[PDB]
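To start, the structure under review is shown below, and the notes come after it.
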Amino acid sequence: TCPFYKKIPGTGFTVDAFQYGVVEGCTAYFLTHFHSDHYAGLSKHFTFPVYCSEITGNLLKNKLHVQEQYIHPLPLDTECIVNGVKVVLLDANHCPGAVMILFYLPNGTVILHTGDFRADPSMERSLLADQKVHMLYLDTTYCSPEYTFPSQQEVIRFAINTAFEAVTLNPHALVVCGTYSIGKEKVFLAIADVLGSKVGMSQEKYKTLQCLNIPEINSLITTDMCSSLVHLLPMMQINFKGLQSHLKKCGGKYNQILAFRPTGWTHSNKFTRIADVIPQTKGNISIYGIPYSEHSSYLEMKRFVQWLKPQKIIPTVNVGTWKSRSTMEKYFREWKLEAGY
Ligand code: NI
């Protein structure tokens, strides 16, 4: 059965609730983004209305074969009416097509569901600037002060310089990048761009990328692996065995692999600065874990919330243990007392 934090009170609406069967009283299902924990349950047999971004709608149609008649894509930053309720989708600064949803309830309550987000000061000049928000359903993934990581910009800088240096020293090195979902496409795109290569990948991943409306994409990606020196592979294959095996398949074109695993936060963020990051090496294979996050750091989340000043917060992540729930509630209270709302 559908949990309470996936329901929008006073509406016919749910958010990211497709794994529960038919939800009692649900007249429209919103989907914030195409990540599997959120889309779980959707397919070609789904016959209710789904509301989402254009990009998300492209993936529903082409990857899960949902029928066109039930996909309702909405423009960003635009007041829209859905079953008699005013809504707005806003960019979530998560993966491609990821939104936050503003709901304007009949009774005057205003609710913001962030879906999955990376809070940014640029959100303080969206349509959020104009009015008060009563409830905030918040992506609390890294809601604890030990969660620090660098900006996305600093991480790409590190990666571009690393890859550029290695291939310039050895023109027979291959660069490999791990993936398991949409998101983080800048990692592999920026590296291909500095090396003047296209990024090569399987047919299923190429398809997924063709749904994302990225400008001049046909110029960056390809399924011909032989013509590319930046390869994408599934994240699980980014280990010494998986990579040695892959190198075999390249038939003596390359004699070295430099690979990257984009993670979220790892505990080595507590001690090491981005400039100081070093790989794990075995033979002619090196692997860098790089902390490219698409979720708010603690400080980025705090800033957004203390700006917003919601009357009530409902977490959507880490909600399963009393210890986590308790911890999050203590931080909300601090933030509230510190800012004075
Ligand atoms: Ni996500």
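Backbone-built Cβ (ideal geometry, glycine too); neighbour counts: all protein chains shown. Where a number appears in this text, it was derived from the coordinates with a stated rule and is not lab data.
Sort 271, 260 so the one with the fewest other Cβ atoms within 10 Å of its own Cβ comes first. Present the calculation step by step, with values, prior to reporting the outcome.
Details: 271 7, 260 26.
Fewest-to-most Cβ neighbours within 10 Å comes out as 271, 260.
Too long at a 20 Å Cα-Cα cut-off: which of 309/330; 184/323; 186/207; 241/282; 184/330?
Details: 309/330 16 Å; 184/323 31 Å; 186/207 17 Å; 241/282 10 Å; 184/330 32 Å.
The answer is 184/323; 184/330.
For the chain, take the convex hull of the Cα atoms, compute a quarter of its surface area, and give me that in nm², please. Walk me through the numbers before you get to the answer.
Details: hull surface 74.7 nm².
The Cα convex hull of the chain, projected and averaged over all directions, gives 18.7 nm².
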What are the ³J(HN,Hα) couplings of segment 236-246, residue after residue, when phi is run through the Karplus curve with 6.51, -1.76, 1.60 and θ = phi - 60°? Round to Hz, x for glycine and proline. 4, 7, 7, 8, 4, 5, x, 7, 4, 4, 4
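Given +1 on the Cβ of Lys and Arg, -1 on the Cβ of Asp and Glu, and no further charges, what dipole in debye does the chain carry about its Cα centre, rounded to the nearest 20? It would help to have the intermediate numbers written out before the result.
On the way: 32 positive and 27 negative charges, 165 e Å.
That gives the chain a dipole magnitude of about 800 debye.
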Helix 185-195 sits at what angle to the longest principal axis of the chain, using alpha carbons and giving 0 to 90 degrees rounded to 10? 30 degrees
Using DSSP, restrict attention to beta bridges with both residues in segment 148-295 and report what percent are antiparallel, rounded to the nearest 5. 15 percent
Taking +1 at the Cβ of each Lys and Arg and -1 at the Cβ of each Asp and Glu, which of 18, 131, 257 sits farthest along the dipole of the chain towards its positive end, judged by Cα position relative to the Cα centre? 257
Set of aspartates and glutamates with alpha-carbon distance to residue 248 below 18 Å, sequence-local pairs under 8 removed: 224
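Using only DSSP helix segments of four residues or longer, with each worth -39500 (n - 2.57), what per-residue ellipticity at 222 nm results for the chain after dividing by its residue count and rounding to 500? Let's see the in-between values first.
Working: 8 runs with 90 residues, N = 341.
Helix-only estimate at 222 nm: -8000 deg cm²/dmol.
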For segment 148-295, what relative contact order do you get, as a whole percent, if you take Cα pairs closer than 8 Å and at least 6 residues apart? 32 percent
Give, to the nearest whole percent, the P(r) tail of segment 148-295 beyond 19 angstrom, counting all Cα pairs. 50 percent
Hey, what did segment 50-112 get for relative contact order, percent, Cα under 8 Å, at least 6 apart? 26 percent
Quick one: what are the phi-derived ³J(HN,Hα) couplings along segment 223-228, Karplus 6.51/-1.76/1.60 with θ = phi - 60°, whole Hz, x for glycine and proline? 9, 7, 6, 6, 8, 10
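Which of the trypsin sites (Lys or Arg not before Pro) found in segment 229-275 are loop residues per DSSP with 14 or fewer other Cβ atoms within 10 Å of their Cβ?
Values: sites: 241, 248, 249, 253, 270, 273; in loops: 253, 273.
Here the sparse-neighbourhood loop sites are 253, 273.
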Show which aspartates and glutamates lie in cross-link reach of residue 6 when reach means a straight Cα distance below 17 angstrom and same-chain residues fewer than eight apart are skipped. 16, 24, 37, 116, 139
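Given an 8 Å cut-off on Cα distances and at least 6 residues of separation, report the relative contact order of the chain as a percent. Walk me through the intermediate numbers first.
Working: 622 pairs, mean separation 56.8, N = 341.
Rounded, it is 17 percent for the chain.
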Where does each of 204, 185 land when they are ranked from fewest to most other beta-carbon atoms within 10 angstrom? 204, 185
³J(HN,Hα) across segment 119-131 via Karplus (A = 6.51, B = -1.76, C = 1.60, θ = phi - 60°), whole Hz, x for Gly/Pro? 3, 9, x, 4, 5, 5, 10, 8, 5, 5, 4, 7, 6
Alpha carbon centre of segment 44-90 versus segment 198-276: separation in Å? 31 Å
Among 332, 244, 221 the positive-end extreme of the charge dipole of the chain (Cβ point charges): 244
